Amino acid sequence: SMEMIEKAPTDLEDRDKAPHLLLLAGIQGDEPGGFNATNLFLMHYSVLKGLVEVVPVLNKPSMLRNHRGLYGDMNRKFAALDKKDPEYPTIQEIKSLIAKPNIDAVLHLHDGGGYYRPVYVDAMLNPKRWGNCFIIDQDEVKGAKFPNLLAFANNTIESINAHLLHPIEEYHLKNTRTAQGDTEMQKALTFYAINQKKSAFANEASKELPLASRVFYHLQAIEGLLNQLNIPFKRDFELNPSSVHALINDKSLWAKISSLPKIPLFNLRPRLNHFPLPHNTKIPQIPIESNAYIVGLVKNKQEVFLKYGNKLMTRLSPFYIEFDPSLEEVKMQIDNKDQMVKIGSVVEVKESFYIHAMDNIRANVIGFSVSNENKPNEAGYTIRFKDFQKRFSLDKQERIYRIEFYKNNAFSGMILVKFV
(Lines of atoms letter the chains of each structure in order from A and count residues from 1; the text may use other names and numbers.)
(Lines give C-alpha, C1' and ligand atoms only; values in the text may rest on other atoms or scores of the structure.)
Protein backbone atom coordinates (compact mmCIF):
# COMPACT_ATOMS: atom_id res chain seq x y z
CA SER A 1 0.00 0.00 0.00
CA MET A 2 1.96 3.02 -1.31
CA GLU A 3 0.38 6.45 -1.07
CA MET A 4 1.53 9.81 -2.38
CA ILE A 5 1.48 12.64 0.15
CA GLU A 6 1.70 16.25 -0.94
CA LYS A 7 3.90 18.73 0.89
CA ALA A 8 2.50 22.03 -0.35
CA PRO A 9 2.16 25.73 0.51
CA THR A 10 -0.82 26.65 2.65
CA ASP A 11 -2.02 28.84 -0.22
CA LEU A 12 -2.90 26.86 -3.35
CA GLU A 13 -1.83 29.79 -5.53
CA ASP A 14 1.76 29.34 -4.31
CA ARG A 15 2.05 25.86 -5.89
CA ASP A 16 2.92 27.22 -9.34
CA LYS A 17 5.41 29.79 -8.00
CA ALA A 18 8.34 27.35 -7.91
CA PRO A 19 9.30 23.92 -9.27
CA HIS A 20 7.82 20.55 -8.32
CA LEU A 21 9.85 17.68 -6.91
CA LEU A 22 8.79 14.07 -6.72
CA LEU A 23 10.56 12.48 -3.70
CA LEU A 24 10.62 8.67 -3.56
CA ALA A 25 12.03 6.05 -1.20
CA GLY A 26 11.65 2.44 -0.08
CA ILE A 27 11.65 0.79 -3.52
CA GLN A 28 13.77 -1.79 -1.73
CA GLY A 29 12.49 -2.81 1.74
CA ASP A 30 15.84 -3.17 3.51
CA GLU A 31 16.99 0.43 2.84
CA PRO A 32 15.53 2.26 5.88
CA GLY A 33 17.62 5.41 5.60
CA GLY A 34 15.49 6.41 2.62
CA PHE A 35 12.01 5.76 3.98
CA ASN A 36 12.87 7.16 7.44
CA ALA A 37 14.05 10.34 5.70
CA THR A 38 10.86 10.62 3.61
CA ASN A 39 8.93 10.00 6.81
CA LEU A 40 10.74 12.73 8.78
CA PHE A 41 10.43 15.03 5.78
CA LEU A 42 6.66 14.61 5.71
CA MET A 43 6.34 14.96 9.50
CA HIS A 44 8.64 17.94 10.21
CA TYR A 45 9.09 20.07 7.05
CA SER A 46 7.01 22.72 5.32
CA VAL A 47 7.21 23.68 1.65
CA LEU A 48 6.47 27.35 1.14
CA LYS A 49 6.40 27.68 -2.68
CA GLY A 50 6.13 24.99 -5.33
CA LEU A 51 5.35 21.40 -4.40
CA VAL A 52 7.03 18.24 -3.13
CA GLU A 53 5.08 15.06 -3.83
CA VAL A 54 6.31 12.26 -1.58
CA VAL A 55 5.96 8.53 -1.85
CA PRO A 56 7.51 7.65 1.48
CA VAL A 57 7.73 3.90 0.80
CA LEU A 58 7.32 2.51 -2.71
CA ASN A 59 7.57 -1.16 -1.69
CA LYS A 60 5.71 -1.36 1.62
CA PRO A 61 5.18 -5.15 1.66
CA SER A 62 8.95 -5.65 1.36
CA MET A 63 9.59 -2.95 3.97
CA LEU A 64 7.35 -4.84 6.41
CA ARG A 65 9.43 -8.00 5.99
CA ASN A 66 12.80 -6.16 5.99
CA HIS A 67 13.44 -7.48 2.49
CA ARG A 68 15.10 -5.99 -0.57
CA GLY A 69 12.10 -7.08 -2.66
CA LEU A 70 9.55 -9.84 -2.08
CA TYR A 71 8.48 -9.96 -5.76
CA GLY A 72 11.92 -9.27 -7.23
CA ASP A 73 13.87 -6.00 -7.46
CA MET A 74 11.16 -3.42 -8.03
CA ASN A 75 13.90 -1.13 -9.39
CA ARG A 76 14.41 -3.43 -12.36
CA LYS A 77 10.79 -3.25 -13.49
CA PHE A 78 10.70 0.05 -15.43
CA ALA A 79 11.63 -1.37 -18.85
CA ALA A 80 10.32 -4.78 -20.02
CA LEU A 81 7.68 -6.05 -17.58
CA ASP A 82 5.17 -8.92 -17.83
CA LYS A 83 1.54 -7.87 -17.15
CA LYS A 84 1.30 -10.80 -14.72
CA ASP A 85 4.10 -9.51 -12.52
CA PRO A 86 2.54 -8.92 -9.07
CA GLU A 87 3.98 -5.38 -9.02
CA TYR A 88 2.94 -4.49 -12.57
CA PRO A 89 0.09 -2.29 -11.30
CA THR A 90 2.32 -0.51 -8.72
CA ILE A 91 4.86 0.20 -11.43
CA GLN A 92 2.18 1.87 -13.58
CA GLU A 93 1.19 4.02 -10.61
CA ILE A 94 4.87 5.00 -10.11
CA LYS A 95 5.40 5.73 -13.79
CA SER A 96 2.21 7.79 -13.83
CA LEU A 97 3.47 9.95 -10.97
CA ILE A 98 6.87 10.40 -12.58
CA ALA A 99 5.38 11.34 -15.93
CA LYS A 100 2.91 13.98 -14.66
CA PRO A 101 3.38 17.31 -16.48
CA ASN A 102 3.52 19.20 -13.16
CA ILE A 103 6.62 17.25 -12.03
CA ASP A 104 9.97 18.83 -12.92
CA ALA A 105 12.46 16.79 -10.90
CA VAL A 106 12.64 13.35 -9.25
CA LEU A 107 14.80 12.42 -6.24
CA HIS A 108 15.01 8.70 -5.44
CA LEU A 109 16.53 7.66 -2.08
CA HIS A 110 18.51 4.42 -1.45
CA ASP A 111 20.78 2.80 1.14
CA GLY A 112 23.77 1.08 -0.43
CA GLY A 113 26.60 -1.10 0.80
CA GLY A 114 30.15 0.20 1.23
CA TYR A 115 31.24 3.64 0.03
CA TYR A 116 31.30 4.52 -3.65
CA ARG A 117 34.70 5.65 -4.95
CA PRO A 118 35.34 6.54 -8.62
CA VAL A 119 38.49 4.37 -8.61
CA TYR A 120 39.03 1.01 -6.93
CA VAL A 121 40.55 1.25 -3.43
CA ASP A 122 39.42 -2.00 -1.73
CA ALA A 123 36.38 -4.30 -1.30
CA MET A 124 34.46 -1.62 0.63
CA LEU A 125 35.65 1.44 -1.31
CA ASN A 126 35.32 1.04 -5.08
CA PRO A 127 33.19 2.00 -8.12
CA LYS A 128 30.96 -1.07 -7.77
CA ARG A 129 29.79 0.09 -4.34
CA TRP A 130 26.84 2.32 -3.70
CA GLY A 131 27.16 4.08 -0.33
CA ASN A 132 27.26 7.89 -0.02
CA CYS A 133 27.08 9.01 -3.59
CA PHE A 134 24.74 11.16 -5.65
CA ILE A 135 23.71 9.50 -8.90
CA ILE A 136 22.71 10.64 -12.37
CA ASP A 137 22.09 8.58 -15.52
CA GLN A 138 23.75 11.15 -17.77
CA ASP A 139 25.05 14.70 -17.47
CA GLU A 140 22.14 16.39 -19.26
CA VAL A 141 18.51 15.86 -20.22
CA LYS A 142 17.48 17.91 -23.25
CA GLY A 143 13.82 18.91 -23.05
CA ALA A 144 13.75 19.08 -19.25
CA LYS A 145 12.81 22.31 -17.46
CA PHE A 146 16.21 21.91 -15.76
CA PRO A 147 18.39 20.05 -18.26
CA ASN A 148 21.75 20.40 -16.46
CA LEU A 149 21.78 17.28 -14.24
CA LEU A 150 25.51 17.54 -13.77
CA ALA A 151 25.41 21.11 -12.41
CA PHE A 152 22.57 20.27 -10.00
CA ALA A 153 24.42 17.12 -8.89
CA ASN A 154 27.76 18.84 -8.32
CA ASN A 155 26.14 21.60 -6.30
CA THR A 156 24.04 19.19 -4.22
CA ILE A 157 27.15 17.12 -3.54
CA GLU A 158 29.05 20.27 -2.46
CA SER A 159 26.15 21.11 -0.12
CA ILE A 160 26.21 17.65 1.53
CA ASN A 161 30.00 17.62 1.82
CA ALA A 162 29.84 20.83 3.86
CA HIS A 163 28.33 18.69 6.68
CA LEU A 164 30.35 15.43 6.86
CA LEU A 165 30.42 13.58 10.19
CA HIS A 166 33.59 11.74 9.17
CA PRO A 167 35.76 12.22 6.07
CA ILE A 168 35.22 8.66 4.76
CA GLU A 169 31.57 9.71 4.32
CA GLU A 170 32.42 12.27 1.62
CA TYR A 171 29.97 12.18 -1.28
CA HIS A 172 31.04 11.62 -4.87
CA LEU A 173 29.26 11.93 -8.17
CA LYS A 174 28.29 8.65 -9.75
CA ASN A 175 27.21 9.10 -13.35
CA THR A 176 26.17 5.62 -14.54
CA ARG A 177 26.04 6.68 -18.24
CA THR A 178 23.06 4.41 -18.41
CA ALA A 179 22.17 4.78 -22.07
CA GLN A 180 25.73 3.65 -22.86
CA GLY A 181 25.57 0.02 -21.80
CA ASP A 182 24.39 -0.15 -18.17
CA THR A 183 21.72 -2.75 -18.84
CA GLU A 184 20.66 -2.93 -15.16
CA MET A 185 20.18 0.83 -14.75
CA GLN A 186 18.34 0.81 -18.08
CA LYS A 187 15.60 -1.06 -16.13
CA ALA A 188 15.56 1.35 -13.16
CA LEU A 189 13.44 4.30 -12.10
CA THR A 190 15.65 7.33 -12.70
CA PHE A 191 16.36 6.28 -16.26
CA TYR A 192 12.61 5.94 -16.84
CA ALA A 193 12.22 9.51 -15.45
CA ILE A 194 14.97 10.89 -17.73
CA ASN A 195 13.03 9.43 -20.67
CA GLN A 196 10.01 11.51 -19.59
CA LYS A 197 12.27 14.60 -19.70
CA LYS A 198 12.41 14.96 -15.93
CA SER A 199 15.61 15.89 -14.10
CA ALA A 200 16.18 12.68 -12.17
CA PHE A 201 18.61 11.98 -9.32
CA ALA A 202 19.25 9.18 -6.83
CA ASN A 203 20.87 9.67 -3.43
CA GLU A 204 22.67 6.86 -1.61
CA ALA A 205 23.38 6.61 2.11
CA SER A 206 25.87 3.94 3.12
CA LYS A 207 24.45 0.79 4.74
CA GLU A 208 27.69 0.85 6.77
CA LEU A 209 26.21 3.84 8.67
CA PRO A 210 23.81 3.85 11.66
CA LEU A 211 20.23 4.68 10.62
CA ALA A 212 20.39 8.18 12.15
CA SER A 213 23.46 8.96 10.05
CA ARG A 214 21.86 7.59 6.90
CA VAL A 215 18.78 9.73 7.42
CA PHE A 216 20.95 12.76 8.20
CA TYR A 217 22.69 12.46 4.82
CA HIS A 218 19.45 11.78 2.95
CA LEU A 219 17.98 14.98 4.42
CA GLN A 220 21.14 16.94 3.47
CA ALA A 221 20.65 15.69 -0.11
CA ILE A 222 16.95 16.62 -0.09
CA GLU A 223 17.76 20.10 1.25
CA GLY A 224 20.61 20.48 -1.22
CA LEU A 225 18.42 19.65 -4.20
CA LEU A 226 15.49 21.80 -2.98
CA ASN A 227 18.00 24.69 -2.79
CA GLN A 228 19.10 24.07 -6.37
CA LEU A 229 15.48 23.94 -7.48
CA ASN A 230 14.72 27.08 -5.43
CA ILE A 231 11.88 25.29 -3.63
CA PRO A 232 11.80 27.16 -0.31
CA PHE A 233 11.23 25.07 2.83
CA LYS A 234 11.33 25.10 6.63
CA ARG A 235 11.88 22.45 9.31
CA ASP A 236 11.07 22.57 13.02
CA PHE A 237 14.38 21.07 14.11
CA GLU A 238 18.14 21.46 13.72
CA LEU A 239 19.70 19.04 11.21
CA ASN A 240 22.28 17.01 13.12
CA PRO A 241 22.49 13.30 13.94
CA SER A 242 21.31 13.84 17.52
CA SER A 243 18.11 15.59 16.52
CA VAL A 244 17.47 13.02 13.75
CA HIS A 245 17.87 10.15 16.19
CA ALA A 246 15.46 11.90 18.59
CA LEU A 247 12.87 12.32 15.82
CA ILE A 248 13.18 8.75 14.60
CA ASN A 249 12.75 7.61 18.22
CA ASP A 250 9.93 10.10 18.90
CA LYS A 251 7.95 8.94 21.95
CA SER A 252 4.90 10.87 20.76
CA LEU A 253 4.53 8.50 17.80
CA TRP A 254 1.42 6.31 17.92
CA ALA A 255 -0.46 3.67 16.00
CA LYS A 256 -4.22 3.31 15.77
CA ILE A 257 -5.24 -0.19 14.71
CA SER A 258 -8.85 -0.47 13.50
CA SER A 259 -11.21 1.25 15.97
CA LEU A 260 -8.86 0.55 18.91
CA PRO A 261 -7.29 3.42 20.89
CA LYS A 262 -3.94 4.92 19.84
CA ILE A 263 -1.05 2.96 21.35
CA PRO A 264 2.42 4.44 21.62
CA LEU A 265 4.92 3.06 19.13
CA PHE A 266 7.86 3.13 21.51
CA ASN A 267 8.41 1.31 24.80
CA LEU A 268 5.69 -1.26 24.21
CA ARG A 269 6.14 -4.63 25.86
CA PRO A 270 7.71 -6.98 23.27
CA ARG A 271 4.47 -8.94 23.07
CA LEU A 272 0.82 -8.02 23.66
CA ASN A 273 -1.35 -11.05 24.44
CA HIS A 274 -4.98 -11.80 23.53
CA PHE A 275 -5.02 -8.68 21.38
CA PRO A 276 -8.41 -8.21 19.75
CA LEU A 277 -8.40 -7.93 15.95
CA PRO A 278 -11.42 -7.80 13.57
CA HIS A 279 -13.04 -11.04 12.44
CA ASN A 280 -12.34 -12.27 8.90
CA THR A 281 -10.13 -9.36 7.84
CA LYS A 282 -6.87 -9.81 5.94
CA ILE A 283 -4.06 -8.16 7.93
CA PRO A 284 -3.09 -5.84 5.07
CA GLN A 285 -6.73 -4.69 5.12
CA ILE A 286 -6.93 -3.85 8.85
CA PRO A 287 -7.11 -0.05 8.99
CA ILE A 288 -4.03 1.41 10.59
CA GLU A 289 -3.25 5.07 11.17
CA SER A 290 -0.24 6.80 12.69
CA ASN A 291 1.29 10.24 12.85
CA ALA A 292 4.21 8.53 11.05
CA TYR A 293 4.01 7.37 7.42
CA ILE A 294 5.92 4.08 7.58
CA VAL A 295 3.91 2.07 10.11
CA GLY A 296 2.11 -1.16 9.29
CA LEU A 297 1.03 -4.63 10.31
CA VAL A 298 2.37 -7.91 9.00
CA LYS A 299 1.60 -11.56 9.71
CA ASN A 300 4.40 -13.66 11.17
CA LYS A 301 3.49 -17.28 12.05
CA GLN A 302 0.66 -16.88 14.61
CA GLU A 303 1.66 -13.34 15.55
CA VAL A 304 0.97 -9.96 13.95
CA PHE A 305 3.98 -7.65 13.99
CA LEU A 306 3.66 -3.90 14.43
CA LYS A 307 6.37 -2.36 12.24
CA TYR A 308 7.80 1.14 12.13
CA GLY A 309 9.95 0.95 9.05
CA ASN A 310 12.22 -2.07 9.58
CA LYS A 311 11.77 -1.68 13.36
CA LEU A 312 9.65 -4.21 15.28
CA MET A 313 7.68 -2.24 17.85
CA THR A 314 5.70 -5.15 19.29
CA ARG A 315 4.34 -8.63 18.57
CA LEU A 316 0.54 -8.95 18.78
CA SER A 317 -0.81 -12.39 19.70
CA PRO A 318 -4.19 -11.76 18.22
CA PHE A 319 -7.67 -12.65 19.33
CA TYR A 320 -9.87 -12.66 16.23
CA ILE A 321 -13.41 -11.57 17.02
CA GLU A 322 -16.42 -9.70 15.67
CA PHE A 323 -16.03 -5.93 16.19
CA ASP A 324 -19.50 -4.75 17.19
CA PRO A 325 -19.50 -0.95 16.59
CA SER A 326 -22.72 -0.26 18.53
CA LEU A 327 -21.05 0.89 21.75
CA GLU A 328 -19.92 4.46 21.14
CA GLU A 329 -19.26 5.64 24.69
CA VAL A 330 -19.04 4.40 28.27
CA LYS A 331 -19.81 6.07 31.59
CA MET A 332 -16.69 6.20 33.76
CA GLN A 333 -15.68 7.98 36.91
CA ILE A 334 -12.12 9.30 36.70
CA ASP A 335 -10.56 10.73 39.86
CA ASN A 336 -14.10 11.25 41.35
CA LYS A 337 -15.44 12.95 38.21
CA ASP A 338 -18.17 11.11 36.31
CA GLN A 339 -17.92 11.48 32.55
CA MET A 340 -18.69 9.81 29.23
CA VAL A 341 -15.60 8.31 27.60
CA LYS A 342 -15.67 7.51 23.92
CA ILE A 343 -14.70 3.98 22.94
CA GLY A 344 -11.18 4.06 21.50
CA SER A 345 -10.12 6.83 23.92
CA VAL A 346 -7.02 7.12 26.04
CA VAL A 347 -7.84 8.61 29.45
CA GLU A 348 -5.32 9.89 31.95
CA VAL A 349 -5.82 8.79 35.57
CA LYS A 350 -4.16 10.41 38.63
CA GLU A 351 -5.69 8.31 41.42
CA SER A 352 -8.62 6.10 40.43
CA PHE A 353 -11.35 5.14 38.03
CA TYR A 354 -14.66 3.29 38.12
CA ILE A 355 -16.67 1.85 35.23
CA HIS A 356 -20.45 2.15 35.51
CA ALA A 357 -22.33 -1.08 34.90
CA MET A 358 -24.10 -1.51 31.58
CA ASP A 359 -27.00 -3.81 30.81
CA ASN A 360 -25.61 -6.04 28.04
CA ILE A 361 -21.96 -4.95 28.16
CA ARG A 362 -19.24 -6.55 30.27
CA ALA A 363 -15.91 -4.82 30.96
CA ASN A 364 -12.57 -6.61 31.42
CA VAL A 365 -9.85 -4.50 33.02
CA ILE A 366 -6.73 -6.25 31.75
CA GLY A 367 -4.37 -6.60 34.72
CA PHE A 368 -7.12 -6.36 37.34
CA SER A 369 -9.10 -9.24 38.79
CA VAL A 370 -11.49 -10.06 41.64
CA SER A 371 -12.31 -13.73 41.01
CA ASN A 372 -10.88 -16.02 38.31
CA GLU A 373 -13.63 -16.29 35.69
CA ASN A 374 -12.63 -16.63 32.02
CA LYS A 375 -15.26 -14.01 31.11
CA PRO A 376 -15.42 -11.49 34.00
CA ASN A 377 -17.28 -8.20 34.50
CA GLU A 378 -15.26 -5.60 36.37
CA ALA A 379 -17.66 -2.68 36.16
CA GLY A 380 -18.71 -1.51 39.63
CA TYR A 381 -15.14 -1.54 41.02
CA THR A 382 -13.15 1.47 42.19
CA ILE A 383 -9.70 0.77 40.83
CA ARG A 384 -6.34 2.32 41.69
CA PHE A 385 -2.82 1.77 40.36
CA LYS A 386 -1.91 -0.47 43.29
CA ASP A 387 -4.71 -2.83 42.18
CA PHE A 388 -2.92 -3.69 38.94
CA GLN A 389 -0.66 -6.63 38.16
CA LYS A 390 1.94 -4.48 36.42
CA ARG A 391 3.00 -7.13 33.89
CA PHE A 392 -0.29 -6.71 32.02
CA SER A 393 0.54 -3.11 31.10
CA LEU A 394 0.94 -2.29 27.38
CA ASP A 395 4.12 -0.39 28.17
CA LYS A 396 7.43 -1.17 29.83
CA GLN A 397 6.84 1.78 32.16
CA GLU A 398 3.79 -0.10 33.60
CA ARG A 399 1.45 2.92 33.34
CA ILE A 400 -0.95 2.05 30.45
CA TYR A 401 -3.70 -0.56 30.81
CA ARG A 402 -6.37 -1.98 28.52
CA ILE A 403 -10.07 -1.91 29.30
CA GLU A 404 -11.92 -4.26 26.94
CA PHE A 405 -15.72 -4.33 26.46
CA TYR A 406 -17.86 -7.21 25.19
CA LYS A 407 -21.50 -7.48 24.04
CA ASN A 408 -21.96 -11.26 24.14
CA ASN A 409 -19.15 -12.91 22.16
CA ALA A 410 -18.54 -9.69 20.21
CA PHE A 411 -15.90 -7.06 20.95
CA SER A 412 -17.49 -3.69 21.71
CA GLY A 413 -14.23 -1.76 21.89
CA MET A 414 -11.35 -0.74 24.10
CA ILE A 415 -10.33 2.21 26.25
CA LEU A 416 -6.83 2.72 27.67
CA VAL A 417 -6.12 4.20 31.06
CA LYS A 418 -2.73 5.87 31.52
CA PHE A 419 -1.66 6.46 35.09
CA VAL A 420 0.07 9.86 35.28
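The numbering used is simple: start at 1 and walk along the sequence shown.
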Next on the checklist: Counting only other entries where the flanking residues are modelled, do a third or more lack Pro376?
Outcome noted: yes
Checklist entry - Which wins on mean Cα temperature factor, 358-366 or 24-32? => result 358-366
Checklist outcome for this item: Of 274-282 vs 115-123, the stretch with the larger average CA B-factor in the entry is 274-282
Checklist outcome for this item: When the entry's CA B-factors for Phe266, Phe323, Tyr293, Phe237 are compared, the highest one belongs to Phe323
Checklist entry - Out of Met313, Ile160, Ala144, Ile288, which shows the largest CA B-factor listed in the entry? => result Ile288
Next on the checklist: Among the modelled residues of this chain, does the Cα B factor of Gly50 put it in the lowest, middle or highest third?
Outcome noted: middle
Item to check | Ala379 CA temperature factor, ranked by third within the chain | outcome: highest
Next on the checklist: Could you place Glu184 in the lowest, middle or highest third of its chain by Cα temperature factor, using the values in the record?
Outcome noted: middle
Checklist entry - What third of its chain's C-alpha B-factors does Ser213 belong to: lowest, middle or highest? => result lowest
Checklist entry - Would the CA B-factor of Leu327 place it in the lowest, middle or highest third of its chain? => result highest
